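Working notes, beginning with the structure itself.
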Amino acid sequence: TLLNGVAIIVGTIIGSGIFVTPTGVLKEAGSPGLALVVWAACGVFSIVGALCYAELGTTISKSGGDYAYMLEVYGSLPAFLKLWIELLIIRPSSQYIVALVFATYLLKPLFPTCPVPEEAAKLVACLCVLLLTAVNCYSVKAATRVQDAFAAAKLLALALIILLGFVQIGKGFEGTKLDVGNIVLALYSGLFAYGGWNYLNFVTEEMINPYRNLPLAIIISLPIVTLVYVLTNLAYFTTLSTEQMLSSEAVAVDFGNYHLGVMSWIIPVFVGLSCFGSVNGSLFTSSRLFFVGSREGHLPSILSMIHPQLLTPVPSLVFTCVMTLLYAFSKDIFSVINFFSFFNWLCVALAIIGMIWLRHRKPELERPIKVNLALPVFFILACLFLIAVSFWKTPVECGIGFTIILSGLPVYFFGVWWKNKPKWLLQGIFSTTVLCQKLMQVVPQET
Amino acid sequence: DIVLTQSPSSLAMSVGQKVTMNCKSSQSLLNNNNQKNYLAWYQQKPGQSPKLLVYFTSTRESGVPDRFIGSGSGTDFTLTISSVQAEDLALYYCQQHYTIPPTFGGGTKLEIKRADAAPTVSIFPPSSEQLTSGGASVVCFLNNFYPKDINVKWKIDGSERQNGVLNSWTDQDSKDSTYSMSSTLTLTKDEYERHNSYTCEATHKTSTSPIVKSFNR
Amino acid sequence: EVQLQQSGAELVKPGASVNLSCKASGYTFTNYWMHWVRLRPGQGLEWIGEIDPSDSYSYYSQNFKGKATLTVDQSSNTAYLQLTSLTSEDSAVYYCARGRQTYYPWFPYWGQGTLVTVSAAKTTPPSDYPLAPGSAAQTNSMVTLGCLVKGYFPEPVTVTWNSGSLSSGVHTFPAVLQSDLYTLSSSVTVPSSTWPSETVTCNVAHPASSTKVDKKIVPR
Amino acid sequence: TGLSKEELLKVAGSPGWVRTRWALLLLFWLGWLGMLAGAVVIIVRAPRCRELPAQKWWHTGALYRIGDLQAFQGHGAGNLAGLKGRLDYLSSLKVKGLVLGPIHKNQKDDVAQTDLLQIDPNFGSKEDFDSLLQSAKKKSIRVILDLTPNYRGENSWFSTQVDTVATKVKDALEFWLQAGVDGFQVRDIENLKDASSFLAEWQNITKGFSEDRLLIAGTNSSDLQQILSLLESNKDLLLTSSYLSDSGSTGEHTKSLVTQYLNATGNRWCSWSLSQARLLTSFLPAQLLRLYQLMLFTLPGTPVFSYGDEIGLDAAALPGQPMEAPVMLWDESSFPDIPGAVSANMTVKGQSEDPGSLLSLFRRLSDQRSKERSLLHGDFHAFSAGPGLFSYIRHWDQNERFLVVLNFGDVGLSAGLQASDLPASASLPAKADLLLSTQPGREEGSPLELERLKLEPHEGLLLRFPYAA
Ligand SMILES: *[C@@H]1O[C@H](CO)[C@@H](O)[C@H](O)[C@H]1NC(C)=O
Ligand SMILES: *[C@@H]1O[C@H](CO)[C@@H](O)[C@H](O)[C@H]1NC(C)=O
Ligand SMILES: *[C@@H]1O[C@H](CO)[C@@H](O)[C@H](O)[C@H]1NC(C)=O
Ligand SMILES: *[C@@H]1O[C@H](CO)[C@@H](O)[C@H](O)[C@H]1NC(C)=O
């Protein structure tokens, strides 16, 4: 039923970014009044984004995420560059960010006033990503139970902040910056918390049967998310000063330290567990892209393979993990959120541009959902707006990111398009492959 | 820092006359809050220390004659001497005191003009003690003349000498406003031995003919 | 009285440090800050910095920062400027000066300057040679007498005649530098009655090598 | 593609790959426990946060005194219900405090007709007082009431039978605490016999009620020793005084008046103020008013201003009005007795608009002193930064560090800060962010090179700079 559909999508969208990003939107919007407007604006942008993905998630329907659409709309090089961006930028950086929020919140009660030491925050971030990589390698039968449980902690911590906010009001604004530059970084910080809908929204179609009911699940759910995000920010702003919320890397622990008295055993624990759940989830669900990307021939054959006694996709996890662990070389959490956001929205731009170019090029291709053109023609321009400002508001992050993208062209030619014929090269590739197979004990999946 | 241009660099003027130095600052030295201008003037006579004349543009220091009047505001400042005396030849520097570290002008050399006068010329044979050294120095003094421009010919048995001749002028004398000049010729002992008659002759704009002095060893 | 005094002369081998010193008298030494100002020849006065005797705080122009170093000794009312890394273009006269108000920079009281010469050439005491007119000397009513000072170093040599008694009618000509040794001459004029009848001496004096000499001007 | 399951199940020869894969699996857990031990070492040897002091409300920013309700308003509106109107201004000043100059029923020099409990009806009714006081609570302005008995007279404690006067007060404090006031000011304590003992009794009465109430004493004194004696027996008394008043009138003494007093009291809490009652402009010449507001907002302690300090009001500028109680200039109407004498720039309305104005400086500083943990209760280190400069750093354990540089002398500096002998914990940076200057024509927000900085005469600067481990 539709009511139980909404309870699947809202619990998918809410994420862990809500525990990072309040400080982010407030730093760029200057004062609470405009921060709440940015939270709403991010909601509305997500409603327009989600319904466009309701279309692509039912017209093309090929499994594996955006890459599966790029094979139809572009093929060849742009399909590989989506996979390359998503495995070296997007899925690493969003794991590191949630692994680092985990680390700061787990540590913050040992450092109540003074900022938690970065050299320790980064080790504890890495200890989390490695431990959860090991658990996903040892047992899908265990790592599923670790995902089933901590989805409760995500909503328990976030509801507790709101009910504490209500009793604060029961007992009981200007927008001081308005530069278009900063407000795009406020939007990046606020949009990060909604960042589930492009990966997984189509899952609800396997239990909500009519195609017109999938838009109803979107249009009901994303206002519910927006409500929760606005209410949690009101819970902070009715308890904490702007000059407190910009000082603390873990703002909900400040709020928890004010109200609870038992503070150490509540907000740090329940929010920590939500992020331990969100890092686990991003590892568990990663395999799908490697299987698809190697089946469709873009990605090296070893990264398809599985350890046959445990049925866990060991070389894909170990690659995912080591990419996440390199983001420990980055400076600051909101640096990485800006970086993630640029390439995330630039990928969504290529997808929704693609959808309109496809509606032009192949009309009436049996679409179960067909949205009004008036939505994408605003939304594409909104993606372009964020990117176009960010080129000059945050140049250096885009520079190193485009350096990653351009470093994809060599491995596209060498690995896929040029198909370099020398037998010594092929025997070298094979030798390297079987070394890994023997050294991890891994085998191909059933074709 | 502030920079203080000063002009003219030289100001030759006659006794009794009024004279003006200009000082010109690369920022204003009016303190808005207080309505006074931070500047001072120092006189530095030849061979002595700077003496302070006026400060805060106009305030005479104690022990300063009342012929020094300072005036101006903003950036155009002027020290004026109402009636120059012979004792007044010096360099004068302006200084700002609107910031520390302070900075100074490159200074105006006041010079005196007087009625022209011909040099007293005298020549001195080498000192009998100096002849022990293997060298000898012949010296010609030109005393109490005006103006500064002069030249000297050395003659040695009638031959004109232009190697190893040196000159030094005094600064202008504050009692009488005259210059004086020393001229020196240095010889080996055997170079002083081989020639008999030594002549110093001086041409100065007060006479068509040179003035002459000489000796025979 | 307020009176600052300083050593007359210093010689410095290039690159070496030097201490120039200024002893105050005539006022409460801690009440007023002490400034150091310099006078490069033909290039205008330049201020180094100042020091507060009450706590040895000191404040320096940007050009001297780290190159100079002021200290002070409250037990003797003495202020000391160390200078360091001296080049030939740091040859100058260095003047010690006192403020009127407590630290504000205008300078009513200055010490007589310390002449700092930066040169590898060695200290060289002066050779003094008297000058007397010779032939036809007494044929004129006034007679000139002289004192050549030759081959000396460094720059500051002083001449006075008859221990400063003949302070009237003396001309001493600026020194000329030759082969890294100075030459200077001094002259005086007296009545023709005086010179053969009385003592006449150039009292030559040299601060930087302590020699004092009184050559008598004897006829040929 | 690659080597298949059916091959690999026999290529795993135990002496090679099986022993190797055991070794790497142990090396991973050994290495991850190494990284766990590494992180636990860092968290053990990292420096722990200094605990926050528990701060009474009057630590958190400026008090503000209203010696005559009438003079603050203009006549007719000169009553407590009038004052209830004005608190949005006070909230704009960010003043954590108020002090209502005495409102009790005093008859001049009459000990018997004077009462400290019944209010003088000119100012309203207790029903007005409570209406105000509840509004002030609502707006986060605590209110102190001034109980100095004979306030319409010459001698504020009367000439006679002082123990009866002290008895009046002893009763009064209890009543007004029950009414809900946040504390009491008393003045002229040099005119009170056995002063220290009465302050000790009244302080006991007040703190014995609740820990978050204060007694602000005040004296006409400017003697450091007399002041230290009143503050010897009483240790959480704010004692306003004339001590900073005798400033040398081009600031010259202030570095020394301030750092002797801090040293003498042993860096306890203080209340900086140029007087127990009169305006800043009663003592300062007007070039220093900006420079002192930069300093009074940034020394350790609770600053106290009289009304209109925030606009540089001056009793002399509009002649005839008393130096006790000058009429506050809200807008050009406010002194109608000589119309046209008030210029726009002299008035609250006329300043509120202008970022250069005195009140735009007050408002700005009042923010910093009430938000920033470093100004709120940091340490204080003066140092010799320059010839005129009184210069000092406010800091707290790892938060933002604030360097203040006040150029009291009338001569600008042209050669930077040149700090001798900073404490090794508090060293100056190469550059620091100008948060504000007392003067226009500065690049506020920008970093400055401290070794090549240039102060104008009387330019004070507030620089902000980040920590170093
Ligand atoms: C005053 O209060 C203190 C506690 O703060 C207490 O020790 C003392 O006995 C009290 N004295 C009186 C007379 O109330
Ligand atoms: C302070 O009060 C005393 C005692 O009445 C008096 O002698 C003194 O002059 C007063 N001083 C000031 C500055 O009011
Ligand atoms: C005042 O400061 C000096 C600073 O060296 C210190 O020695 C002294 O003990 C302090 N206290 C008193 C009461 O002088
Ligand atoms: C305010 O403006 C008047 C009129 O232009 C001017 O004379 C005065 O200096 C200004 N300042 C004050 C505080 O009066």
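To match Swiss-Prot, the residue numbers of chain D are left as they are there, and the shown ones run 162-630.
This entry, so its header tells us, was determined using electron microscopy, 3.6 Å.
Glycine is no exception: its Cβ is also placed from the backbone N, Cα and C atoms.
Quick look at what Swiss-Prot lists:
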type: MOD_RES; residues: D:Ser165; note: phosphoserine
type: CROSSLNK; residues: D:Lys166; note: SUMO2 cross-link
type: TRANSMEM; residues: D:185-205; note: transmembrane segment
type: TOPO_DOM; residues: D:206-630; note: topological domain 'Extracellular'
type: CARBOHYD; residues: D:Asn365; note: N-linked glycosylation site
type: CARBOHYD; residues: D:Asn381; note: N-linked glycosylation site
type: MOD_RES; residues: D:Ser406; note: phosphoserine
type: MOD_RES; residues: D:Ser408; note: phosphoserine
type: MOD_RES; residues: D:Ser410; note: phosphoserine
type: CARBOHYD; residues: D:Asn424; note: N-linked glycosylation site
type: CARBOHYD; residues: D:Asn506; note: N-linked glycosylation site
type: MOD_RES; residues: D:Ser527; note: phosphoserine
type: MOD_RES; residues: D:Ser531; note: phosphoserine
(Q) Looking at the recorded positions listed here (D:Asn381, D:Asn424, D:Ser531), whose Cα lies nearest to that of D:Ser410 (phosphoserine)? (A) D:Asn381
Q: Filter the candidate list D:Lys166, D:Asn365, D:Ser410, D:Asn424, D:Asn506, D:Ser527 of recorded positions, keeping only entries whose CB is under 6 Å from an atom of ligand 2.
A: none
Q) ligand 1 is in the model; which of the modified residues D:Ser165, D:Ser406, D:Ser527 have a C-beta less than 6 angstroms from one of its atoms? A) none
Q | Distance from D:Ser527 (phosphoserine) back to D:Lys166 (SUMO2 cross-link), taken between C-alpha atoms, in Å | A | 75
**Q.** For the recorded positions D:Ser165, D:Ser410, D:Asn506, D:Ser527, D:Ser531, the one whose C-beta sees the most other C-beta atoms within 10 angstroms
**A.** D:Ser527
Q) Taking only the modified residues D:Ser165, D:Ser408, D:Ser527, which one has a CA atom nearest to the CA atom of D:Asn506 (N-linked glycosylation site)? A) D:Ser527
(Q) Tell me the coarse DSSP state (helix, strand, coil) of D:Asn365 (N-linked glycosylation site). (A) helix
Q: Return the single residue from the recorded positions list (D:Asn381, D:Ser406, D:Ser408) that has the minimum number of other CB atoms within 10 Å.
A: D:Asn381
Q: Using DSSP with the three-state reduction, classify the residue listed as 'SUMO2 cross-link' as helix, strand or coil.
A: helix
Q. Expressed to the nearest Å, what is the distance separating D:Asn424 (N-linked glycosylation site) and D:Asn365 (N-linked glycosylation site) at their Cα atoms?
A. 27
**Q.** Subset of recorded positions D:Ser165, D:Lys166, D:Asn424, D:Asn506 within reach of chain A (CB-CB under 8 A)
**A.** D:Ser165, D:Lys166
Q: Have a look at the recorded positions D:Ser165, D:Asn365, D:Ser406, D:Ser527, D:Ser531 and say which one has the shortest Cα distance to D:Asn381 (N-linked glycosylation site).
A: D:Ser406
Q: Could you tell me which of the recorded positions D:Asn365, D:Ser406, D:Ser408, D:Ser527, D:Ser531 have their C-beta within a distance under 6 angstroms of some atom of ligand 3?
A: none
(Q) According to DSSP, collapsed to three classes, what secondary structure does D:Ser408 (phosphoserine) have? (A) coil
(Q) Please report the Cα separation of D:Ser531 (phosphoserine) and D:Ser406 (phosphoserine) in Å, rounded to an integer. (A) 25
Q.
Nearest by CA distance to D:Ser165 (phosphoserine): which of the recorded positions is it, out of D:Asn365, D:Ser406, D:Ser408, D:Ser527?
A. D:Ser527
**Q.** D:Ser406 (phosphoserine) to D:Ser527 (phosphoserine) - Cα separation in whole Å
**A.** 22
Q: Under 6 Å from ligand 4 by C-beta, which of these glycosylation sites make it: D:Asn365, D:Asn424, D:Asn506? Sequence order, please.
A: D:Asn506
Q: Calculate the distance in Å between the alpha carbons (Cα) of D:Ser408 (phosphoserine) and D:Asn365 (N-linked glycosylation site), and round it to a whole number.
A: 34
